[PDB]
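Below you'll find only one chain, the form deposited in one PDB entry, shown as structure tokens.
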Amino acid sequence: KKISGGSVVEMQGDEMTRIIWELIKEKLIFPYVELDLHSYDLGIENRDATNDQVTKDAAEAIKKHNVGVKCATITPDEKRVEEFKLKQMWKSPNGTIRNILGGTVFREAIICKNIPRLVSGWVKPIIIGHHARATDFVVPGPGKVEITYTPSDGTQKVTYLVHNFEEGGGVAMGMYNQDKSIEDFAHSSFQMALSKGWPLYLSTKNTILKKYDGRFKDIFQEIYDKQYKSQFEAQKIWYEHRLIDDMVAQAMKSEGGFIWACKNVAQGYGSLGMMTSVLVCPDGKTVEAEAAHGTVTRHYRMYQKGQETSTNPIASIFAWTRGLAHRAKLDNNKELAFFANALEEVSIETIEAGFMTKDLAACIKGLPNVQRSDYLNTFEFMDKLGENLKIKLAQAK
């Protein structure tokens, strides 16, 4: 009865999202999709118990199985180590995973019409895929800061004066970017664009950063022309370098519906529970979907105290739908593909139908005016989603 979704690496996360994860899996995914589940519990405790080995495993697992849907996970800091008596301040599992899988993250603000956007003109969502450490430092007083490139082939070492501080000090920094990374960024971006049939857009400062950002413009254009150009048009889709400036202006002027590859991480005034991240690996096959938000600690605390919480599961639900959608794509799993979509549709519809969590209700009536009667609580919204998903899916088969 259920549809074999195939193998999917699922990563359990922490706190509120972990609570929602089980609801999403319980109400929205399991009842309709059978999955060869490579479930890894990236719960903060389990990452501790397993010395973060589980994070690396879930990574190698995603590397292996191409599809990773990840629940928000606590990234340990001073407080976390203290709260969980962590044997260590573990690296962000995202960092670990992202470093293992490489790839470019793509945050899509999933948009409901009755939900105010930065630009109410964006009926089509905007997929922003950011690129990526920088070497900043002292400079206490006068002296030359020179950035130096020494070829490994022992040919002439190149020295660029980045600045000669004569008066007082200041601060300097080195940044770099491997062609490889720019290429990955390119492929992940073109890949992502084709994936959603939406036009790609590389925004850089090709002008002020001639050699540097130009390298992106070039590499992108080069990977596009010699790898995706035909593939694009053959979809009405099209890539195009846009100066950060003309690009930000274009977006506001646009109704959205385009992939935006940035080259400079919260920002944005839209609801966090509607922000879906997707680590699109260059290979075009590996993908890791996850809510862009975190474990929603504040909500969890409330949940811990037995208080009514109104956490938005959409970003997590969409992590599932995006991963599953990708699973489907990879496996030509047209039933799973439809389900991923149906679930995305049902999620948006449920919200566009007036049923939402407090945060969304707050996007509409402003926090101060949000009444208990304006939103459903976490469980209530989840149920609603399930009911409609049940409905939506019945309407097909």
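Counting begins at 1, following the sequence as shown. If you superpose the two forms and keep the largest set of C-alpha atoms that fall within 1.5 Å, you have the rigid core.
Another form exists, deposited in another entry; not displayed. Remarks below refer to it.
Relative to the superposed rigid core, residue 298 undergoes a CA displacement smaller than 2 Å between the shown form and the other one. Once both forms are fitted on their rigid core, the CA atom of residue 284 lies less than 2 Å apart between the shown form and the other one. For residue 155, a C-alpha deviation of 2 angstroms or more is recorded between the shown form and the other one after rigid-core alignment.
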